[PDB]
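A short worksheet on the structure shown next.
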Amino acid sequence: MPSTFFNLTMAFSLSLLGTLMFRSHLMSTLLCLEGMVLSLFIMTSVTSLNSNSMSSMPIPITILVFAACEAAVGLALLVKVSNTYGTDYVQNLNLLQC
Amino acid sequence: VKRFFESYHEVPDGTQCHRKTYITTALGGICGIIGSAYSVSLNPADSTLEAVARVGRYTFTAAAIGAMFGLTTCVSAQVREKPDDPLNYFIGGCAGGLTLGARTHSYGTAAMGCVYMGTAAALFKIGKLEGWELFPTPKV
Amino acid sequence: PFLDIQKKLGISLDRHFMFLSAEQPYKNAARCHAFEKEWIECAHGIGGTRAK
Amino acid sequence: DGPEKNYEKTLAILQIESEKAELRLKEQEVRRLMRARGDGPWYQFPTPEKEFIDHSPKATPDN
Amino acid sequence: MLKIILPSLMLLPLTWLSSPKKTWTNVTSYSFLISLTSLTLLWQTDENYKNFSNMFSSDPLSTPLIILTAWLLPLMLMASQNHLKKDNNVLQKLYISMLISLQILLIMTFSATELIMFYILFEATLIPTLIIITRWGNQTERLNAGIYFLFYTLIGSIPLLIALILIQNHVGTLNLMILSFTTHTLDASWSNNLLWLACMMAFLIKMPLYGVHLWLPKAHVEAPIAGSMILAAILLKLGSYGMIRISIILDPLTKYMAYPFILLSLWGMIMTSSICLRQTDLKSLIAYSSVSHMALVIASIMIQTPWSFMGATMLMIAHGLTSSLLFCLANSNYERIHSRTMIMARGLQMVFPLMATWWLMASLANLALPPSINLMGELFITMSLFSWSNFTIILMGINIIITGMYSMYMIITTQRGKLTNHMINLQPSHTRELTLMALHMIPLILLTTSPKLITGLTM
Amino acid sequence: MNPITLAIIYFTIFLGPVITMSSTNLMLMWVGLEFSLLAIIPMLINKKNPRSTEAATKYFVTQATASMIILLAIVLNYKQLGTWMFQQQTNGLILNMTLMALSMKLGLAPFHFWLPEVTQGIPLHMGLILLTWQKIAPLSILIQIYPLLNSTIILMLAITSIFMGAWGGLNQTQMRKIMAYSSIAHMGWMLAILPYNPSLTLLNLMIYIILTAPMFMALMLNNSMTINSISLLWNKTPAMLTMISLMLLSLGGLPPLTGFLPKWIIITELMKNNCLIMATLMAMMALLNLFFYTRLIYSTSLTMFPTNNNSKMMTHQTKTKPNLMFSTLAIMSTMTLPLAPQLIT
Amino acid sequence: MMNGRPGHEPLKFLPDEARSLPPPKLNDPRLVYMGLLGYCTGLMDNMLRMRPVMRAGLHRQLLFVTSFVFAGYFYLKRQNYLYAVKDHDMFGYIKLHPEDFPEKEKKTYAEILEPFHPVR
Amino acid sequence: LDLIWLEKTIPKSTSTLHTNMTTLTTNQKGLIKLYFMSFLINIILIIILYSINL
Amino acid sequence: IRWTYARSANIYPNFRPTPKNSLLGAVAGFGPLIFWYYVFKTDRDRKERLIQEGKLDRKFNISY
Ligand SMILES: CCCCCCCCCCCCCCCCCC(=O)OC[C@H](COP(=O)([O-])OCC[N+](C)(C)C)OC(=O)CCCCCCCCCCCCCCCCC
Ligand SMILES: CCCCCCCCCCCCCCCCCC(=O)OC[C@H](COP(=O)(O)OCCN)OC(=O)CCCCCCCCCCCCCCCCC
């Protein structure tokens, strides 16, 4: 369990670093966001199952539901960007600088 | 790097001048790396060649700032035989300011650097003499 | 918490599953239930600094 | 009115200000000591409540 | 002090509820009554200080400043009556309200027993001077002048606030008399040196010290007449009062931290007197004369002789009165000719004989004619400075020589000589402005007759 | 939007920070944070323009990254301590990541690069909603854990927040960007006073909110997006320039306005805790903030900028727009300084 | 800093021990200023809505003054209770820890030697 | 002195310095990619200060 | 009007720093200050020393 939890935290760190280093695809950014979400789900579930915390096993269900609604909101925003610009390229999102 | 930074302070000023210059040069180099990373990330270059050229220019400039500051401060302290005095740090900060003005190629920037960095170095020397806490833990 | 509506009205919206030694379904004790109970029984009423 | 009125008014003002000065110094000392070692009413950082701990007999006897 | 603060406070509803054809009359008459009421602080039949309450008090130094402010307010309304005659009623009442706010907050500032309350009222007085200069100034440089004045003063005043809070934490109450009684000596360390500089530079900016005096000439030039009065006659003396109040808890290291500021003051009054010689603007020339006089006040306060403190006090009051009179005469000429050029109006002795007489007495008070309180201040400052060091008399002599030269150069090029006959728009005189000169000059004569009122704390 | 979804969206916007403040669980404070974020996003994309879409996208990705970092800290604390609250012995790394992500949510520097852009391109009332309401919940989470945080990291974040906010507000012309860097500087002040006295943090937050509300109401009176647009306010609504000047001077912290009280008591407490250099630098950057405020005052009130010809017709028309609680917040944000012992605790 | 004290009723405005405090005089400068602030608020609202400043909305000005005085009175009661309980906890801690707060024997101006710094 | 060098020394020098700093610090290109790279640098820096402070 | 503007407001827009005026400003703003500093410092040190060993006589000097 400590080795696998360390691997899960490094997976979250890699997904976070991928989120922070943008590429041309906002879809890829959202996919990195759900890489973080999935890593959070596995760490929470393994922690609850290891600690036998039956009172807190609803917490993975709540993080899944809340993050899924948040990503639905983000997908709607990406749909709006793709509609206004043809593509989802993040460098098209830059006219609020001035 | 911790024992390095408080190994600057383990020796009185005017003694181990080469070591003090090396530590202040390293501190200037780290500050230049941080500033260059911020510069190339906030304002991206047209290509990676001039990007790393800008990183090297900023790092060398700030390393020269640290080298001139440490050398001037330690030499002044040893040639005027009184280490616990903020004027050595004022002269060292002014020498660093002239170094910055020479790197920028502007005597106005030299005067800015001299006055401001000398004032900052003098206040830092006063703080290290008589116990100024820059980031104090809450007490009251 | 920052605001104490739950403590003012006496309700427990989320205070009953704070830790492992809390209420559990069908009395299934979590791991280190006794140790956490001992820690809470020690730390209660003396504040965070004296608890540490 | 006279000089004695201003004299004794000044005495009362000085007494009030000196009492305020020593009270402010003492409350600085009180806050510093209590934050350093919280043992009185102030700076009582929270702690999980014992009332939400199950004490009933459970399925596992080793608890 | 409340019996002076409250009716000055109630001047504002009188201003905003008076008829537009009665506002100036009512406010001027009632502010004259405010000055008459404020004259009761001179009832000092004992060595004890008039401690009215736990918050307000009167002092042999604070009393002349309060009486001076209460006296200048109706004079301020009189000078502001003319250039607002083509102006809206709401803006007129607003300007009167701004002047009344100056007068109220300055009385509270001088009468405050607490230095933190003194600081709050310090830049609480800074705000309406900014508003007056920026809104009712004439030229396009009024905005820049307001920026310069405000930011010199605030960059000065921030380390004063830090020094005040440090002193409060170290001692406990920051009450003026408690500090004066339980004053503790300083260890002459670097922290105490920087603390001394922090609590000195705010009042040194407000004085202004030489080198940092650049906000004053442009603010005085682009300011209206009431702004020029309030600056040159109250605010510099407010910085003076600040140094006098704060210098008691700064022993012993002021005896060597006084060194650069004394030299700056002496050489700077020489420098500014030379600028007065070679100055082409009348308001600028009077402003630099004010800088030189306040430099004399710096030299006296920093050498910290009791005779020097007295000379600073009498020079405060005398220079405030004579500088207000000089700015009034300059503003009368400016409202005549719509110009500020020093050399453009020359032969005004012919057309305006009584105004040229007022010019002559104002300049004679400026150049320290005996037995006026002006010369008493400069002579006692001279005596204390020579006691401090015998070679100060050379700088004092050069300053006095150039002072006489710029005052007589003022008189010669503004009154004497041939008349510029092309200025056919020269109205003879207003009874209002002649009354303004008379009300400026008579208290100078009365304080010359009795100089014991403005001697100050030391004697 | 029809009133059904208007009521639902406003109720969830209200409910998010309420759950965060009322909740004693890290999980519930988290879920309140995304109630606030998710409920406010349609309100940003309400206008349906490319600038609003840009602001909504940047705001979403910033808050999503910060919320995932917050949940990382919560899960790591849950593993390390077996509970759902940073009690006393959670890891300093976990606490620093929590402070990192809450500072990212707040928009204080060096995480401030999105706040002026998100504030731009959205309507003024949404700028007010963001810059006032969206900060109480991260401040609530920060206040709940004050003795555990790292004073060095907080002091660095705060001083650079005031530096970048002062420099930005000095730089631009746009009213929304000006208010955003003003928010960054004020959050720097609140963050700096956070580890020593959270009561003064709450006092500064309430003072900033009651100063930000009448700014935004006055901007919404004429939709003045620009320094010039608020500069011709004398022809549009001359009965407001006095309060504009007073409230901007209060935002600058000039006495005797009540906006001097938060900076004053914060400096006083910081000097009680002996961080004199930090307090001096904060006060000088506050002077820079006051400089751009004074330039704005010069533009809108003390001078009279030239006007247009259709402003005659706009003065011909009447208006019932300005609401009743504008004057109450204006007076409470200008003339409350003698009630300072009552305002502080 | 005072939230964790014993006997702290959560989210209680004016607890029963606050009833031991004397109430405000109801004509004191704080409440008089609160009424003046309410009157100024009413006048400012009238001028902003472009009504007569004093001759319009008398019911509105009266409601403003009354609400300001009411809220100021109850907030002043709460603040007085808070300052009183702060002083009470102060003096209780001082009494409970006398070894940390010693009454120092302070001498007169006959055994202490302050240095003299001549001004000359 | 007055019209050249004291102006060049205190106020215009302070104004020029702050103008240069505000231009350099808010010459932002407006790209969320650069902003998130900056955020990553901030994260790395704060981890470094935590590691050296302990 | 042109003469007043040239003498007053045109100076700083039309000023450029050269080594000659830099040296002139430095000497005219400092050299008198250090000169009078040394003069007053030497006089005050001599007077203070003369008082400390008492060689200076203040026969009737009471109003200093
Ligand atoms: C208008 C003038 C502007 C320039 C001069 C400004 C004032 C210069 C002198 C004071 C230092 C700076 C202000 C500090 C205020 C508090 C002083 C104090 O309490 O000192 C004792 C304290 C020391 O406190 P202490 O006395 O407790 O010391 C500890 C002693 N033991 C341990 C024995 C108990 O000094 C300081 O803390 C000073 C640190 C200042 C660092 C920050 C300086 C920033 C820059 C300031 C100027 C900025 C504006 C001008 C820029 C250029 C414009 C052209
Ligand atoms: C002998 C004693 C020597 C020691 C004492 C020296 C200090 C004396 C007191 C300081 C006086 C400073 C005066 C500053 C204001 C004057 C400059 C000015 O007015 O600049 C205006 C300019 C903007 O002009 P603008 O209006 O946009 O356009 C022109 C016309 N439209 O403005 C700009 O371009 C930018 C202006 C920025 C704001 C300036 C005021 C605040 C300065 C804060 C300084 C903080 C210092 C510490 C910083 C941290 C440490 C490095």
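For the structure tokens, the naming scheme is as follows: chains receive sequential letters (A, B, ...) according to their order of presentation, residues are indexed from 1 within each chain, and ligands are indexed from 1 in presentation order.
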
| field | Residues within 12 Å of residue 259 of chain F, only C-alpha atoms, excluding chain neighbours under 2 positions, as number ranges by chain | value | F: 186, 203-212, 246-257, 261-266, 286, 290, 330-338, 340, 343

| said: Which residues are close to segment 15-20 of chain D, i.e. within 8 Å by only C-alpha atoms, leaving aside same-chain residues fewer than 4 positions away? Reply as an MDAnalysis selection string. | reply: (chainID D and resid 11 24) or (chainID E and resid 172:173 175 178)

| query | Neighbours of ligand 2 within 9 Å, counting only C-alpha atoms and all ligand atoms, as number ranges by chain? | reply | B: 116-117, 120; E: 141, 143-156, 201, 205, 209-212, 215, 261, 264; F: 163, 167, 170, 280-292, 295; H: 6-7, 9-20, 22

| request: Can you list, as a PyMOL selection string, all residues belonging to segment 154-289 of chain E that DSSP tags as helix (DSSP H, G or I)? | output: chain E and resi 154-171+176-181+190-206+215-222+225-250+254-257+259-277+282-289

Filtering to C-alpha atoms, could you give me those residues as a compact mmCIF listing (two decimals), in the first residue's frame?
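Writing done, so here's part.txt:
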```txt
# COMPACT_ATOMS: atom_id res chain seq x y z
CA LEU E 154 2.61 60.80 2.36
CA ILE E 155 5.99 59.18 1.67
CA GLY E 156 7.14 61.35 4.56
CA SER E 157 4.23 60.42 6.80
CA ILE E 158 4.21 56.61 6.42
CA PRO E 159 7.49 56.05 8.37
CA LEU E 160 6.10 58.49 10.93
CA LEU E 161 3.10 56.18 11.35
CA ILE E 162 5.37 53.15 11.74
CA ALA E 163 7.55 55.02 14.25
CA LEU E 164 4.45 56.11 16.19
CA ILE E 165 3.07 52.57 16.41
CA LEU E 166 6.49 51.28 17.50
CA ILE E 167 6.68 53.97 20.19
CA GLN E 168 3.15 53.06 21.34
CA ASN E 169 4.06 49.37 21.57
CA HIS E 170 7.30 50.16 23.41
CA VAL E 171 5.88 52.64 25.94
CA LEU E 176 2.17 63.40 25.09
CA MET E 177 2.53 64.21 28.78
CA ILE E 178 3.16 60.58 29.75
CA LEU E 179 5.93 60.45 27.13
CA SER E 180 7.31 63.79 28.34
CA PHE E 181 7.43 62.52 31.92
CA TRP E 190 21.07 51.68 14.37
CA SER E 191 17.44 50.79 15.15
CA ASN E 192 17.10 53.97 17.21
CA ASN E 193 18.79 55.99 14.45
CA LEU E 194 16.35 54.67 11.84
CA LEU E 195 13.43 55.23 14.25
CA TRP E 196 14.60 58.83 14.72
CA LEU E 197 14.74 59.34 10.96
CA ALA E 198 11.29 57.75 10.57
CA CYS E 199 9.71 60.09 13.11
CA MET E 200 11.62 63.12 11.75
CA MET E 201 11.27 62.94 7.96
CA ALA E 202 7.48 63.45 7.85
CA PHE E 203 7.69 66.85 9.53
CA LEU E 204 10.85 67.56 7.54
CA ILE E 205 8.87 67.03 4.31
CA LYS E 206 5.99 69.13 5.62
CA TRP E 215 6.41 70.42 -3.94
CA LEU E 216 5.96 73.81 -2.25
CA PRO E 217 6.62 76.33 -5.10
CA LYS E 218 4.42 74.61 -7.68
CA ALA E 219 1.63 73.98 -5.14
CA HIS E 220 1.75 77.61 -4.01
CA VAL E 221 1.77 78.87 -7.61
CA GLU E 222 -1.05 76.68 -8.93
CA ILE E 225 -5.32 82.21 -2.55
CA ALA E 226 -6.89 80.22 0.29
CA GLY E 227 -4.68 77.22 -0.50
CA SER E 228 -1.60 79.45 -0.55
CA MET E 229 -2.63 80.90 2.82
CA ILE E 230 -3.33 77.53 4.42
CA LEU E 231 -0.05 76.02 3.19
CA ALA E 232 2.32 78.93 3.85
CA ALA E 233 0.75 79.99 7.14
CA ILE E 234 -0.49 76.81 8.86
CA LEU E 235 0.82 73.60 7.32
CA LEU E 236 4.55 74.35 7.50
CA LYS E 237 4.04 75.44 11.11
CA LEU E 238 2.10 72.21 11.62
CA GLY E 239 5.21 70.28 10.62
CA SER E 240 7.10 72.60 12.98
CA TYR E 241 4.73 71.72 15.83
CA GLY E 242 5.14 68.05 14.93
CA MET E 243 8.91 68.19 15.31
CA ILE E 244 8.64 70.14 18.57
CA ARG E 245 6.22 67.56 19.98
CA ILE E 246 8.23 64.56 18.77
CA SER E 247 11.74 65.76 19.68
CA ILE E 248 11.29 65.24 23.44
CA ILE E 249 11.54 61.43 23.29
CA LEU E 250 14.57 61.41 20.96
CA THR E 254 19.47 64.06 18.11
CA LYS E 255 22.67 65.91 19.08
CA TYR E 256 24.46 64.18 16.18
CA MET E 257 21.52 63.27 13.94
CA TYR E 259 23.99 67.55 11.78
CA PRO E 260 22.88 66.97 8.13
CA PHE E 261 19.57 68.79 8.54
CA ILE E 262 21.14 71.92 10.07
CA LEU E 263 23.59 72.14 7.15
CA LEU E 264 20.79 71.45 4.68
CA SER E 265 18.67 74.20 6.25
CA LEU E 266 21.42 76.85 6.31
CA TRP E 267 22.69 76.20 2.80
CA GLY E 268 19.12 75.80 1.56
CA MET E 269 17.90 79.12 2.89
CA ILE E 270 20.91 80.67 1.14
CA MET E 271 20.05 78.74 -2.05
CA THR E 272 16.36 79.70 -1.96
CA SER E 273 17.16 83.34 -1.21
CA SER E 274 19.36 83.29 -4.33
CA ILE E 275 16.41 81.79 -6.23
CA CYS E 276 14.26 84.62 -4.84
CA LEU E 277 16.78 87.05 -6.34
CA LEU E 282 5.90 86.52 -7.63
CA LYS E 283 4.16 83.52 -6.06
CA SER E 284 7.29 81.41 -6.61
CA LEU E 285 9.43 84.11 -5.01
CA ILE E 286 7.21 84.30 -1.92
CA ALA E 287 7.18 80.49 -1.81
CA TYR E 288 10.97 80.29 -1.80
CA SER E 289 11.09 83.01 0.86
```

| query | Given a cut-off of 8 Å, which residues of chain F touch chain H, counting only C-alpha atoms, written out as a list in words? | reply |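 Only these qualify: residues 58, 92, 93, 96, 100, 110, 111, 113, 114, 117, 153, 164, 167, 168, 170 and 171 of chain F.
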
May I have the selected residues written with N, CA, C and O atoms, as an mmCIF file, in the first residue's frame?
```
data_model
loop_
_atom_site.group_PDB
_atom_site.id
_atom_site.type_symbol
_atom_site.label_atom_id
_atom_site.label_comp_id
_atom_site.auth_asym_id
_atom_site.auth_seq_id
_atom_site.Cartn_x
_atom_site.Cartn_y
_atom_site.Cartn_z
ATOM 1 N N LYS F 58 -11.113 30.617 -18.778
ATOM 2 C CA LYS F 58 -9.942 30.827 -17.929
ATOM 3 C C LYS F 58 -10.291 30.667 -16.454
ATOM 4 O O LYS F 58 -9.546 30.029 -15.691
ATOM 5 N N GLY F 92 3.131 19.869 6.894
ATOM 6 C CA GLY F 92 3.349 21.218 6.408
ATOM 7 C C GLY F 92 3.284 21.310 4.900
ATOM 8 O O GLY F 92 2.874 22.337 4.357
ATOM 9 N N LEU F 93 3.673 20.237 4.207
ATOM 10 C CA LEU F 93 3.494 20.173 2.760
ATOM 11 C C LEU F 93 2.019 20.234 2.386
ATOM 12 O O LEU F 93 1.636 20.953 1.457
ATOM 13 N N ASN F 96 0.765 23.757 3.025
ATOM 14 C CA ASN F 96 1.258 24.687 2.018
ATOM 15 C C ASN F 96 0.551 24.494 0.685
ATOM 16 O O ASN F 96 0.297 25.469 -0.026
ATOM 17 N N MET F 100 -1.591 27.274 -1.136
ATOM 18 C CA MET F 100 -1.344 27.473 -2.559
ATOM 19 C C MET F 100 -2.640 27.500 -3.349
ATOM 20 O O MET F 100 -2.894 28.424 -4.129
ATOM 21 N N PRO F 110 1.512 35.414 -6.810
ATOM 22 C CA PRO F 110 1.733 35.360 -8.263
ATOM 23 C C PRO F 110 0.744 34.476 -9.018
ATOM 24 O O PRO F 110 1.026 34.070 -10.144
ATOM 25 N N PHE F 111 -0.401 34.186 -8.402
ATOM 26 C CA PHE F 111 -1.501 33.503 -9.065
ATOM 27 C C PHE F 111 -2.578 34.475 -9.535
ATOM 28 O O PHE F 111 -3.740 34.084 -9.677
ATOM 29 N N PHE F 113 -2.787 36.266 -12.413
ATOM 30 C CA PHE F 113 -2.775 36.617 -13.828
ATOM 31 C C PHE F 113 -4.130 36.441 -14.499
ATOM 32 O O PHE F 113 -4.336 36.973 -15.594
ATOM 33 N N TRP F 114 -5.057 35.717 -13.874
ATOM 34 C CA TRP F 114 -6.368 35.500 -14.466
ATOM 35 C C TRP F 114 -7.415 36.497 -13.993
ATOM 36 O O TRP F 114 -8.391 36.730 -14.714
ATOM 37 N N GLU F 117 -8.287 39.613 -16.198
ATOM 38 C CA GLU F 117 -8.877 39.182 -17.457
ATOM 39 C C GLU F 117 -10.266 38.597 -17.251
ATOM 40 O O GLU F 117 -11.158 38.824 -18.071
ATOM 41 N N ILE F 153 5.641 31.694 3.813
ATOM 42 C CA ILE F 153 4.952 31.576 2.531
ATOM 43 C C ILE F 153 3.825 32.593 2.439
ATOM 44 O O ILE F 153 3.634 33.237 1.397
ATOM 45 N N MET F 164 2.171 43.433 -7.144
ATOM 46 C CA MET F 164 1.571 43.264 -8.467
ATOM 47 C C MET F 164 0.247 44.008 -8.591
ATOM 48 O O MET F 164 -0.046 44.567 -9.654
ATOM 49 N N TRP F 167 1.088 47.757 -9.024
ATOM 50 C CA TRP F 167 1.653 48.041 -10.339
ATOM 51 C C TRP F 167 0.610 47.907 -11.446
ATOM 52 O O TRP F 167 0.563 48.742 -12.358
ATOM 53 N N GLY F 168 -0.255 46.890 -11.374
ATOM 54 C CA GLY F 168 -1.294 46.754 -12.384
ATOM 55 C C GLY F 168 -2.274 47.910 -12.366
ATOM 56 O O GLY F 168 -2.480 48.583 -13.388
ATOM 57 N N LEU F 170 -1.829 50.804 -11.243
ATOM 58 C CA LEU F 170 -1.100 51.915 -11.837
ATOM 59 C C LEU F 170 -1.124 51.843 -13.360
ATOM 60 O O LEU F 170 -1.228 52.874 -14.034
ATOM 61 N N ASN F 171 -1.032 50.635 -13.922
ATOM 62 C CA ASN F 171 -0.832 50.531 -15.364
ATOM 63 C C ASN F 171 -2.105 50.831 -16.155
ATOM 64 O O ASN F 171 -2.134 51.775 -16.950
#
```

| request: Compute the chain B side of the contact with chain F at 9 Å, counting only C-alpha atoms, and hand it back as a list in words. | output: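 Those within range of chain F come out as residues 132, 133, 134, 135, 136, 137, 138, 139 and 140 of chain B.
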
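For chain A, the residues having at least one atom no farther than 10 Å from chain C, when counting only C-alpha atoms, are residues 48, 49, 50, 51, 52, 53, 54, 55 and 56 of chain A.
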
| request: Compile the contact shell of segment 1-13 of chain G as number ranges by chain: residues with an atom at most 8 Å away, counting only C-alpha atoms, same-chain residues fewer than 2 positions apart removed. | output: C: 3-5, 7-8; D: 40-46; F: 197-199; G: 15, 78, 86

Given only C-alpha atoms, how would the per-residue table for chain F near chain A read, listing every residue at most 10 Å away with its closest atom pair and distance in Å to one decimal, sorted by chain and number, as CSV?
```
residue,atom,partner,partner_atom,distance
F:27,CA,A:59,CA,7.8
F:28,CA,A:59,CA,9.9
F:30,CA,A:63,CA,9.5
F:31,CA,A:66,CA,7.2
F:34,CA,A:70,CA,7.4
F:35,CA,A:66,CA,8.8
F:37,CA,A:70,CA,8.6
F:38,CA,A:70,CA,6.5
F:39,CA,A:73,CA,9.7
F:41,CA,A:73,CA,8.1
F:42,CA,A:73,CA,9.0
F:45,CA,A:77,CA,8.7
F:48,CA,A:80,CA,9.0
F:49,CA,A:84,CA,8.7
F:50,CA,A:84,CA,6.9
F:51,CA,A:96,CA,6.4
F:52,CA,A:96,CA,9.2
F:53,CA,A:81,CA,6.7
F:54,CA,A:93,CA,5.7
F:55,CA,A:96,CA,7.6
F:56,CA,A:77,CA,7.4
F:57,CA,A:77,CA,6.2
F:58,CA,A:93,CA,8.6
F:60,CA,A:74,CA,6.9
F:61,CA,A:74,CA,8.0
F:62,CA,A:20,CA,9.8
F:64,CA,A:33,CA,7.6
F:65,CA,A:33,CA,7.3
F:67,CA,A:67,CA,9.6
F:68,CA,A:36,CA,6.9
F:69,CA,A:16,CA,8.5
F:71,CA,A:40,CA,7.4
F:72,CA,A:40,CA,6.7
F:74,CA,A:44,CA,9.5
F:75,CA,A:44,CA,6.2
F:76,CA,A:43,CA,8.5
F:78,CA,A:47,CA,7.8
F:79,CA,A:47,CA,6.0
F:80,CA,A:47,CA,9.7
F:82,CA,A:51,CA,7.9
F:83,CA,A:56,CA,9.6
F:84,CA,A:56,CA,9.4
F:113,CA,A:97,CA,9.9
F:114,CA,A:97,CA,9.6
F:116,CA,A:97,CA,8.5
F:117,CA,A:96,CA,5.4
F:118,CA,A:96,CA,7.9
F:119,CA,A:96,CA,9.4
F:120,CA,A:96,CA,6.7
F:121,CA,A:96,CA,6.9
F:172,CA,A:98,CA,8.5
F:173,CA,A:98,CA,9.4
F:174,CA,A:98,CA,8.5
F:177,CA,A:98,CA,9.2
```

| field | Among listed residues H:37, H:44, H:52, H:8, nearest ligand 1 (using only C-alpha atoms and all ligand atoms) | value |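 Closest to ligand 1 of all the choices is H:8.
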
| query | Once you count only C-alpha atoms, which residues of chain I turn out to be within 12 Å of chain B? Could you give them as number ranges by chain? | reply | I: 16-19, 22

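Residues within 8 Å of residue 11 of chain I, counting only C-alpha atoms and excluding same-chain residues fewer than 5 positions away, are residues 3 and 4 of chain H; 6 of chain I.
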
| Shell around segment 62-69 of chain B at 9 Å using only C-alpha atoms, local window under 4 positions removed, as JSON, numbers by chain | {"B": [20, 21, 22, 23, 24, 25, 26, 27, 28, 29, 30, 31, 32, 33, 57, 58, 73, 74, 89, 91, 92, 93, 94, 95, 96, 97, 98, 99, 100]}

Residue hits in chain G, query chain F, radius 7 Å, only C-alpha atoms, as a compact mmCIF listing (two decimals) with N, CA, C and O atoms, in the first residue's frame:
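out.txt written:
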```
# COMPACT_ATOMS: atom_id res chain seq x y z
N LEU G 37 -25.22 59.86 11.02
CA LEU G 37 -24.87 59.10 9.82
C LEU G 37 -26.11 58.65 9.08
O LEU G 37 -26.14 58.66 7.84
N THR G 41 -27.14 59.74 5.41
CA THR G 41 -27.50 58.73 4.42
C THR G 41 -28.80 59.09 3.72
O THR G 41 -28.91 58.98 2.49
N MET G 44 -28.12 62.09 1.41
CA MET G 44 -27.34 61.68 0.26
C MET G 44 -28.18 60.87 -0.71
O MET G 44 -28.03 61.01 -1.93
N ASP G 45 -29.07 60.02 -0.19
CA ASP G 45 -29.98 59.26 -1.05
C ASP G 45 -30.93 60.19 -1.79
O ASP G 45 -31.21 59.99 -2.98
N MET G 47 -30.31 63.36 -2.62
CA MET G 47 -29.56 64.08 -3.65
C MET G 47 -29.18 63.16 -4.81
O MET G 47 -29.17 63.61 -5.97
N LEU G 48 -28.90 61.89 -4.53
CA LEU G 48 -28.57 60.95 -5.60
C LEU G 48 -29.79 60.62 -6.45
O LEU G 48 -29.68 60.47 -7.67
N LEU G 76 -23.35 48.27 19.83
CA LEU G 76 -22.58 48.84 20.92
C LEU G 76 -22.70 47.99 22.18
O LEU G 76 -21.73 47.84 22.93
N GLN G 79 -20.40 45.03 21.56
CA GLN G 79 -19.00 45.42 21.66
C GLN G 79 -18.60 45.69 23.10
O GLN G 79 -17.48 45.37 23.51
```

| Closest to chain G among E:44, E:389, E:15, E:26, using only C-alpha atoms? |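 Nearest candidate to chain G out of E:44, E:389, E:15, E:26: E:389.
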
| field | Interface, chain G side, toward chain I (12 Å; only C-alpha atoms) as a PyMOL selection string | value | chain G and resi 118-120

For the selection just defined, write its residues with C-alpha atoms to a file, as a short mmCIF file (atom, residue, chain, number, x, y, z; two decimals), in the first residue's frame.
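Result file follows (selection08.cif):
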```cif
data_model
loop_
_atom_site.label_atom_id
_atom_site.label_comp_id
_atom_site.auth_asym_id
_atom_site.auth_seq_id
_atom_site.Cartn_x
_atom_site.Cartn_y
_atom_site.Cartn_z
CA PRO G 118 24.27 68.50 27.79
CA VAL G 119 22.84 70.58 24.95
CA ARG G 120 25.50 73.13 24.04
#
```

| field | Contact set, chain D to chain F: 12 Å, only C-alpha atoms, as an NGL selection string | value | :D and (24-25 or 27-29 or 31-32 or 35-36 or 38 or 43-49)
